[PDB]
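First up is the structure itself, then whatever we jot down about it.
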Amino acid sequence: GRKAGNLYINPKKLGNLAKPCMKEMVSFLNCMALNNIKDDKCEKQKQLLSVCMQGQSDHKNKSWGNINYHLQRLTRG
Amino acid sequence: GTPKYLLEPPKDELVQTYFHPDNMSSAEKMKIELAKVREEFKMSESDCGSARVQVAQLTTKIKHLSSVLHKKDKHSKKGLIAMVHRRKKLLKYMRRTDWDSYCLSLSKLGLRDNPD
Amino acid sequence: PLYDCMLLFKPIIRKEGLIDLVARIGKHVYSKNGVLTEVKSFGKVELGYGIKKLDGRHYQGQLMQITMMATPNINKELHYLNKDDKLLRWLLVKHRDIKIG
Amino acid sequence: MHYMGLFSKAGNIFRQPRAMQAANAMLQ
Amino acid sequence: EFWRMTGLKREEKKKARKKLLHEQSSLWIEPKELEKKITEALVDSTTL
Amino acid sequence: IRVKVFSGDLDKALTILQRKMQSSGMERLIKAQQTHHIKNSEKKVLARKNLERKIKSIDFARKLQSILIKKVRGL
Amino acid sequence: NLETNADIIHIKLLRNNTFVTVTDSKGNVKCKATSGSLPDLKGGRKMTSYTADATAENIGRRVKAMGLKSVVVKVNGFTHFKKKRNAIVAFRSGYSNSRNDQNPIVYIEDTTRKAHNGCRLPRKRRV
Amino acid sequence: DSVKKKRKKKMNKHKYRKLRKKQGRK
Amino acid sequence: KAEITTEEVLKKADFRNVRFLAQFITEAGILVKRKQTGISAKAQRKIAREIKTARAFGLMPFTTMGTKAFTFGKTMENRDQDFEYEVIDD
Amino acid sequence: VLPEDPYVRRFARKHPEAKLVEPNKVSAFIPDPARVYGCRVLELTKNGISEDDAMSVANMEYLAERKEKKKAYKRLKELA
RNA sequence: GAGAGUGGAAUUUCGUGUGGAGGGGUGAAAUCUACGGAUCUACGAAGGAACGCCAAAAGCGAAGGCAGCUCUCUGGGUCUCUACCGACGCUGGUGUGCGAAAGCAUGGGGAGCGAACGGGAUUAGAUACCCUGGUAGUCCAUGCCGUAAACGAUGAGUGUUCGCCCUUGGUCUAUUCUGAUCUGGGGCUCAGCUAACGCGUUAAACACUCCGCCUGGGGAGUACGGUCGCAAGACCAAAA
Ligand SMILES: [K+]
Ligand SMILES: [K+]
Ligand SMILES: [K+]
Ligand SMILES: [K+]
Ligand SMILES: [K+]
Ligand SMILES: [K+]
Ligand SMILES: [Mg+2]
Ligand SMILES: [Mg+2]
Ligand SMILES: [Mg+2]
Ligand SMILES: [Mg+2]
Ligand SMILES: [Mg+2]
Ligand SMILES: [Mg+2]
Ligand SMILES: [Mg+2]
Ligand SMILES: [Mg+2]
Ligand SMILES: [Mg+2]
Ligand SMILES: [Mg+2]
Ligand SMILES: [Mg+2]
Ligand SMILES: [Mg+2]
Ligand SMILES: [Mg+2]
Ligand SMILES: [Mg+2]
Ligand SMILES: [Mg+2]
């Protein structure tokens, strides 16, 4: 593991490794399971999956990982 | 502020029944009996810790415990054996220091003389 | 020693059955050279679970308490209350210096 | 200790400084 | 003398307990009034 | 533990049920339920390790609390 | 004008299976579904969260199909609460297709009981 | 005494228990 | 939060005093830790012992998982109006 | 330990809001109200007066002084 | 600690309603179990074992060990005293007793678990690990055995040695919230000690009393002999 000493929290020890449009994907696959694998008459789930995809396109890869520097500078103070 | 029992006459026969030794636990009876034995053997009037007083009290406790203790109760039997060895040490002290009290205790409590 | 005899009756037992059992225990205490200092009724109580007997399941009960000065052997001599059909539970405890209200 | 004993028969020379009272307020 | 005073205080405390118990015995139950007192205790109905 | 649903709001009732699961200690006991037998000799080792991680977490919380309390006071 | 005897949806989470049972208020089974009784899933795995969600969704569809408008959900299992939450949410998502119709669930309840140190559990697997 | 030194005694004891159950059974 | 003292517990804790003892169980029916009340270890031992006695005497529940929440003075029998629901709101 | 310390701590068993002398930070050689109360009680005890009478008269003198400085500050506010 | 009573949860089995297709299990499977109706759901019955939460660097015991609750009987410990007594103490060869678990003997009991063993798999093989059945045993009563990494890998005792933070059970003082002093249990540390790791008022520090034990590795805790044991074996224990 990590070397013991000072204070350290992981940048990935939060909710970060959950890429979106997962429940929308499994709901769309569920609708193909129910409606004998047709894209017809449940296009609402298709639209929600697509809008989730453009929402992922609007979103970007950001994570606040500068907490460790602030903890290290508060230790020195 | 007067309680309810301070209006009726007291009942003396029930108070006499209340303090009967049949209504006492075995530990209370042992306490009374050991106080009596200690009164019987004392050297001074406030004497409660001389060697012959301790010998008489230990003899009474040893005789009670050798009869009431269960065979499977090993933890209490270790304490009974400790009482036996304490009584030997006190008798050994009295045999070299106070020979008259040694003979007093051996005669009155019925103990053997074992100088070896 | 001084004891509290707790008696949890079945809720269907009438006044006469309660009096009969309390008086039988009381005459048992007197015959062993004992004093009854106190008898009281806590009324009907609600139970924490459903006590199940051969009659069925009961969620109520009548609570009685007899305080006695009696022999040390009396908890052993009261084991006939384990086979008593008017009772849900019974318990003998050494008397405590606590106000029960 | 003569001088400290004399000056202890006075007002309050045993008054905590501001930093110590600040830290005691900090700890509670 | 200190031992005698200690014993006197112990005996006084025991006598005080005995006197307290002798006063409270006016409400104890004779066998001849057992069922009457059970009836009155059931009627009185001390709260839960 | 039972929770009533008010005005058809399932999520509020489920949040209340989760809160009552957690705060009654029943969730901690359910999570601690075992599927296999653990000997007493292994329970001792588990208790030792749990105490060690509790000591480390207490030390870490004390350091963060001292830093935050000393910083927020304006000294 | 206030009814008492609602139907009960029993959800039992086990490690290897999930049991969803519909009874009346007195415990008479009307319909039920398990992991292996679902028409789609065929072999391989049954311990997933998806299987439990699918079982609850199947029972919710059947409960709408028989016109039940009021149910009590009772959940049971030695799992995290998120799994039971997801099971209850699946049931409603089957009864109604997309959160549209009113909620049939009028009460929710967790019924999980531990042994008060009862029987010795099996020996640990050495894998 | 380390585990490595305990293993030599372990093997000596196993061989002796084996020999004693083979010889002294007869 | 209800501040219970050690002396109050040592004066009140008894398996007959179910109204007092009901403060020391959670809504799942299990015993509360000592560090949640701040009473002495002796007081917590007395509370645990008396609640175990009252449980075996039937006055308190061992567990309330699967039943209604325990309140002193209320029946623990499962009745029809326990799960009373409203349909006229729908 | 000072001989007047129990009386100073008995003055702490009363009204706590008395003076801003501690954060005044002008000198460390003027006594506050509690120390001079305890010294008054101590010298009264050394005179041979009774103990409870000593606390009573010392508290009454302190209350009189506090009311007198209250009415003096009232005169200041009337001039202000 | 021993005795006598008593409680509920859960597991298994059985019964009765409702219901109908699987359940169980794995990395994946199969044996198994189920339409003679299982798993699931409600109520009930039987039985054994262990006592959830409290709850733990807590407590008690010489050690091994000791957990639901009530009562009986009982061993030890702590505190306080202007009480007694008057060195009666420590250690302890040879001896005596107690002593996890497994095992043995006799009689009971048997839910769950499970050496052996049967089967299903994996594998090159698989006398295993995984799955499924499962005997002895695990439990009780009365005896035997006498061993454990029986470990703090630290014999028992006594005196002395800077402090800080907690905590068990008391007592005193309190000045409304804390101090003091005993008592055990923990964490950290000035010294000092240590091959190093570390120990550190519960020492592995500064000293002392008494006992046990060691003298390169292997051969070997083996051979022989004696004693003990119903056996299994145990204790003392070499040499080439
Ligand atoms: K070895
Ligand atoms: K101890
Ligand atoms: K002891
Ligand atoms: K203690
Ligand atoms: K250290
Ligand atoms: K020492
Ligand atoms: Mg591995
Ligand atoms: Mg060595
Ligand atoms: Mg055994
Ligand atoms: Mg047999
Ligand atoms: Mg095979
Ligand atoms: Mg197997
Ligand atoms: Mg089996
Ligand atoms: Mg050995
Ligand atoms: Mg051990
Ligand atoms: Mg203390
Ligand atoms: Mg200490
Ligand atoms: Mg060394
Ligand atoms: Mg020795
Ligand atoms: Mg050997
Ligand atoms: Mg031989």
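Just the heavy atoms: all of them, side chains too, but no hydrogens, waters or symmetry mates, feed the values below. Residue numbers start from 1 in every chain, and the chains themselves are labelled A, B, ... in the order their sequence lines are given, proteins ahead of strands.
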inquiry  = Does B:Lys92 reach a base, just sugar-phosphate, or nothing at all? Heavy atoms under 4.0 Å.
reply    = nothing
inquiry  = Is the phosphate of K:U74 approached by B:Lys61 (side-chain N or O, under 4.0 Å from OP1 or OP2)?
reply    = no
ask   = Which value, in whole Å, describes the distance between the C1' atoms of nucleotides K:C53 and K:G8?
value = 13 Å
request  = Quick one: label B:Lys89 by what it contacts on the DNA or RNA (base, sugar-phosphate, nothing), any heavy atom closer than 4.0 Å.
outcome  = sugar-phosphate
request  = Remember a base hit wins even if backbone is also touched, and classify J:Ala12 as base, sugar-phosphate or nothing at under 4.0 Å, heavy atoms.
outcome  = sugar-phosphate
request  = Report yes or no: do K:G15 and K:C60 constitute a Watson-Crick or wobble pair with both atom distances shorter than 3.5 Å?
outcome  = no
query = Does K:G216 pair with anything, Watson-Crick or G-U wobble, both distances under 3.5 Å, and if so, with which nucleotide?
reply = none
message = Tell me whether G:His116 and K:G52 count as stacked here, given that the ring centres must be under 5.5 Å apart and the planes must differ by less than 30 degrees.
response = yes
request  = Indicate, with a heavy-atom threshold strictly under 4.0 Å, whether I:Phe24 touches base, sugar-phosphate, or nothing.
outcome  = nothing
query = Between K:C85, K:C130, K:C54, which nucleotide has the shortest distance from any of its atoms to the side chain of G:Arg125?
reply = K:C130
message = Using a 4.0 Å heavy-atom cut-off, does I:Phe57 contact any base of the nucleic acid, only the sugar-phosphate backbone, or nothing at all?
response = nothing
ask   = G:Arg45 near the nucleic acid: base, sugar-phosphate alone, or nothing, with a heavy-atom cut-off under 4.0 Å?
value = sugar-phosphate
Pucker class of K:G133, where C1'-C2'-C3'-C4' positive means north and negative means south = north
message = So C:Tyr49, base contact, sugar-phosphate only, or nothing? Heavy-atom distance under 4.0 Å.
response = sugar-phosphate
query = Taking atom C1' in both K:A128 and K:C139, what distance in whole Å separates the two?
reply = 31 Å
query = Does a donor on one side chain and an acceptor on the other come within less than 3.5 Å for B:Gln54 and B:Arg86?
reply = no
query = Mind telling me whether K:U6 is syn or anti, cutoff 90° either side of 0?
reply = anti
request  = Decide yes or no for C:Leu7 and C:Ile25: does some side-chain heavy atom of the first lie under 4.5 Å from some side-chain heavy atom of the second?
outcome  = yes
message = Using the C1'-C2'-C3'-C4' dihedral sign as the criterion, classify the sugar of K:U167 as north or south.
response = north
query = Counting only distance, no hydrogens or angles, is the base of K:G114 paired donor-acceptor with the side chain of F:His36 under 3.5 Å?
reply = no
ask   = Across all strands shown, which nucleotide pairs with K:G19 by Watson-Crick or G-U wobble geometry, both distances under 3.5 Å?
value = none
No-H, no-angle donor-acceptor pair, I:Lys33 side chain to K:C53 base, under 3.5 Å = no
task = For B:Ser25, answer base if it contacts any base atom (sugar-phosphate contacts may also be present), sugar-phosphate if it contacts only those atoms, and nothing otherwise; contact means non-hydrogen atoms under 4.0 Å.
result = sugar-phosphate
key: Minor- or major-groove placement of G:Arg120, judged from side-chain atoms under 5.0 Å   = minor
message = Can you tell me if J:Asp52 has over 12 outside heavy atoms packed within less than 6.0 Å of its CG?
response = no
key: Integer angstrom distance from the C1' of K:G15 to that of K:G37   = 15 Å
note = Testing K:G24, K:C85, K:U222 for proximity to the side chain of G:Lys46, the answer is K:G24
query = Within the structure shown, what part of the strands sits under 4.0 Å from B:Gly49 by heavy-atom distance: base, sugar-phosphate, or nothing?
reply = base
ask   = In terms of ring plane angle, is the pair J:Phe11 and J:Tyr37 parallel, tilted or perpendicular, where the classes change at 30° and 60°?
value = tilted
G-U wobble or Watson-Crick pairing nucleotide for K:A46 (cut-off 3.5 Å, both distances) = K:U12
task = Please determine if a side-chain N or O atom of G:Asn117 lies less than 4.0 Å away from the OP1 or OP2 oxygen of K:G68.
result = no
note = Checking K:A153, K:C85, K:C73 against the side chain of C:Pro72 (C-beta onward), the nearest is K:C73
request  = Determine the interatomic distance between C1' on K:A62 and the same-named atom on K:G77; round to the nearest Å.
outcome  = 13 Å
query = Which part of the nucleic acid, if any, lies within contact of G:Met47, taking any heavy atom under 4.0 Å across all strands shown: a base, the sugar-phosphate backbone alone, or nothing?
reply = nothing
query = Across the strands shown, which category fits G:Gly36 at heavy-atom distances under 4.0 angstrom: base, sugar-phosphate, nothing?
reply = sugar-phosphate
ask   = For atom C1', what is the distance between K:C162 and K:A203, given to the nearest Å?
value = 15 Å
message = Is it the case that over 12 heavy atoms from other parts of the model lie below 6.0 angstrom from the NZ atom of C:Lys53?
response = yes
ask   = Does K:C190 have a Watson-Crick or wobble partner in any strand here, with both distances under 3.5 angstrom, and which is it?
value = none
ask   = If you look at every strand shown and take non-hydrogen atoms under 4.0 Å, does J:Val8 touch a base, only sugar-phosphate, or nothing?
value = nothing
inquiry  = I'd like to know if F:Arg28 reaches the base of K:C53 with its side chain such that a donor and an acceptor end up less than 3.5 angstrom apart.
reply    = no
query = If you measure from the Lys or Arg side-chain nitrogens to the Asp or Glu carboxylate oxygens, is any gap between B:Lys31 and B:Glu28 under 4.0 Å?
reply = no
key: Sugar-phosphate only, base, or nothing, as touched by B:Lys72 at under 4.0 Å among non-hydrogen atoms   = sugar-phosphate
inquiry  = When you measure only distances, ignoring hydrogens and angles, does the side chain of H:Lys8 come within 3.5 Å of the base of K:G219 through a donor and an acceptor?
reply    = no
ask   = Is G:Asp24 paired with G:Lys30 through a side-chain N to carboxylate O contact shorter than 4.0 Å?
value = no
note = By nearest-heavy-atom nucleotide on RNA chain K, the more 5' of H:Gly24 and I:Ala41 is I:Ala41
query = Using a cut-off of 4.0 Å on non-hydrogen atoms, how would the nucleic acid contact of G:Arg15 be classed: base, sugar-phosphate, or nothing?
reply = sugar-phosphate
message = Could you tell me the Watson-Crick or G-U partner of K:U127, where both distances fall under 3.5 Å? Say none if there is no partner.
response = none
request  = For atom NZ of F:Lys54, decide whether the heavy atoms of other residues, nucleotides or ligands shown that lie under 6.0 angstrom number more than 12.
outcome  = no
remark   = Any strand, both distances under 3.5 Å, Watson-Crick or G-U wobble: K:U94 pairs with none
note = Applying the 3.5 Å cut-off to both distances, the Watson-Crick or G-U partner of K:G143 turns out to be K:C104
task = Any strand is fair game: report the nucleotide pairing with K:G157 by Watson-Crick or G-U wobble, both distances under 3.5 Å, or none.
result = K:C208
